[PDB]
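A.B. asks: Build me a structure from this.
(2 chains)
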Protein chains: 2
Amino acid sequence: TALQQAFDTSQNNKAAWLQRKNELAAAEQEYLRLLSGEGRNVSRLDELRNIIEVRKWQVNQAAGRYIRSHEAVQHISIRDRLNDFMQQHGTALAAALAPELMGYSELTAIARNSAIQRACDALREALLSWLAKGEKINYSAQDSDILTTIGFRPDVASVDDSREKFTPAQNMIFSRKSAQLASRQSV
Amino acid sequence: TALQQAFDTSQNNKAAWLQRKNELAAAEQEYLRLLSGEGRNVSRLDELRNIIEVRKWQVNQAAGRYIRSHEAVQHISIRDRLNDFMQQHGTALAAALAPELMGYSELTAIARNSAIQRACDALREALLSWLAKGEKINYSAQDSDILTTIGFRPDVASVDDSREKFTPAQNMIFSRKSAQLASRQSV
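C.D. replies: Numbers count the residues shown, from 1 in each chain, chains lettered A, B, ... in the order given. Let me share the structure:
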């Protein structure tokens, strides 16, 4: 299913974001090792300078991509779980909303926009009212393992790491550089 | 209960709206009887002229008041039916929305506005999806008799009759006149 894929792609993008962070550290630490040293390798430093810059962009891009893939997993679960609920109790629910919804298939586009808006307001109130009970919410059994595993939200670290913006111009430059940085044989 | 009262007040306001319409007709028909006649009762005609005017306002005011009382009955049913549904399946429903809702009691006001908006969007989609099945919607068993009885909507006659607007100024004049028209002993 799409949710299994979406999950896999997520934990993957997380792992990727964390790798990039590692690599940035690795570079940063080598830069610092060098400046603390007595030699004066102008060129190694200027290439480490560039590498560090690239890795920061990479940490940024990876973080964003991770957040969205996280959200996706949630988005998909909600969707399917809700559908499985409509499957179960969709008749009971539309019955309760019958004064708004009855003859919906029969409605015009302005009738149908109206009807849904007003039903969705009534549903908003009902949900809030049930919330105020303070009953504790657990994930749907079916997707609990996945949803727990990915976490409730992305650690704010990723939100922070993705905060900065990059033009598609920069993205082009940097993606080229990343690809060059990819092929590099260490020596 | 409030719904039983609301219903009673409705069919009442309908009956009232229809009475006023009758009375207007009665007056109108007497006016016409007179103009078709040979005599020339200047004064009866000018008092029938005023009565007709009042009755039109009354038909207008009664119609509006009826519409809103109708809506009210529906509004209340929806509310209670939904609550009875949340009672039943509120746990299943919040579970499905757990990625949005989990830790709602814990949320800030901006967190809580956000969370509900997004849940209510997911619920909008789910409902629409279930609608598209084209399954036929019946009133909740518990309120079926009432809801059927009052009708799905007010006949458009009432919408038409209430169409015109009246300032609170006019309303004062006319309500005075209606009260004078009330005490009149026919002779």
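A.B. asks: helices or strands next to the longest helix seen in chain A in the packing?
C.D. replies: In terms of residue count, the longest helix belonging to chain A (DSSP state H) is helix A:42-96. When contacts are defined as 3 or more Cβ pairs under 8 Å, 6 or more residues apart in numbering or on different chains; DSSP states H and E, helix A:42-96 sits against helix A:2-36, helix A:144-150, helix A:156-161, helix A:168-183, helix B:42-96, helix B:98-101, helix B:109-131. (C-beta placed from N, C-alpha, C; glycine too.)
A.B. asks: Return the most buried member of the ones you listed.
C.D. replies: Among the helices and strands packed on helix A:42-96, helix B:98-101 has the highest mean neighbour count (mean count of other Cβ atoms under 10 Å in any protein chain shown), at a mean of 24.
A.B. asks: Which other helices and strands does that one contact?
C.D. replies: helix A:42-96, helix B:109-131.
A.B. asks: what's the offset of the shortest one from the middle of its chain?
C.D. replies: Put simply, helix B:109-131 sits 28 Å off its chain's centre (Cα atoms, centre = their mean, to the nearest Å).
A.B. asks: got it, and stretch A:53-68?
C.D. replies: The mean C-alpha position of stretch A:53-68 is separated from the chain mean by 12 Å, Cα atoms, centre = their mean.
A.B. asks: Make JSON lines from the helices and strands packed on helix A:42-96 and add distance to residue A:94 to it.
C.D. replies: Below are the helices and strands packed on helix A:42-96 laid out as JSON lines (distance: least, Cβ to Cβ, whole Å):
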{"stretch": "helix A:2-36", "distance to residue A:94": "26"}
{"stretch": "helix A:144-150", "distance to residue A:94": "28"}
{"stretch": "helix A:156-161", "distance to residue A:94": "39"}
{"stretch": "helix A:168-183", "distance to residue A:94": "46"}
{"stretch": "helix B:42-96", "distance to residue A:94": "10"}
{"stretch": "helix B:98-101", "distance to residue A:94": "22"}
{"stretch": "helix B:109-131", "distance to residue A:94": "7"}
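A.B. asks: what's the closest of those to residue A:113?
C.D. replies: Evaluated over those, closeness to residue A:113 peaks at helix B:109-131, with 11.0 Å, by Cβ to Cβ.
A.B. asks: now the closest one and helix B:42-96, what's the angle there?
C.D. replies: Angle, helix B:109-131 to helix B:42-96, by axes from the mean of the first three to the mean of the last three Cα atoms, to 10 degrees: 100 degrees.
A.B. asks: so residue A:119 makes contact with residue A:99?
C.D. replies: No: using Cβ atoms under 8 Å, residue A:119 is not in contact with residue A:99, being 9.2 Å away.
A.B. asks: quick one: common contacting residues for those two?
C.D. replies: Shared contacts of residue A:119 and residue A:99 (Cβ atoms under 8 Å, 6 or more residues apart in numbering or on different chains): none.
A.B. asks: quick revisit: quick one, which of the helices and strands packed on helix B:98-101 gets closest to residue B:174.
C.D. replies: helix A:42-96 (40.3 Å).
A.B. asks: How far off centre is the closest one?
C.D. replies: The answer for helix A:42-96 is 2 Å, by Cα atoms, centre = their mean.
A.B. asks: likewise stretch A:145-159?
C.D. replies: 9 Å.
A.B. asks: Just the terminal-to-terminal distance for it.
C.D. replies: The first and final residues of stretch A:145-159 sit 24 Å from each other (Cα to Cα, to the nearest Å).
A.B. asks: picking that back up, residue A:115: which of the helices and strands packed on helix A:42-96 is closest?
C.D. replies: Once the helices and strands packed on helix A:42-96 are compared by Cβ to Cβ, helix B:109-131 is nearest, at 9.5 Å.
A.B. asks: quick check, the closest one touching chain A?
C.D. replies: Yes: against chain A, helix B:109-131 shows contacts by Cβ under 8 Å from any Cβ of the partner chain at B:116, B:119-120, B:122-131.
A.B. asks: My guess is residue A:115 contacts residue A:103. True?
C.D. replies: No: in this structure, residue A:115 is not within contact of residue A:103 by Cβ under 8 Å, at 9.0 Å.
A.B. asks: contacting residues around residue A:99?
C.D. replies: B:74, B:77, B:78, B:139, B:147, B:152.
A.B. asks: May I ask which two of those residues are separated the most?
C.D. replies: B:78 and B:152 (13.3 Å).
A.B. asks: measure residue A:176 to residue A:169 for me?
C.D. replies: Distance from residue A:176 to residue A:169, counting by Cβ to Cβ, to the nearest Å: 12 Å.
A.B. asks: now residue A:6
C.D. replies: Distance from residue A:6 to residue A:169, by Cβ to Cβ: 31 Å.
A.B. asks: now residue A:36
C.D. replies: 35 Å.
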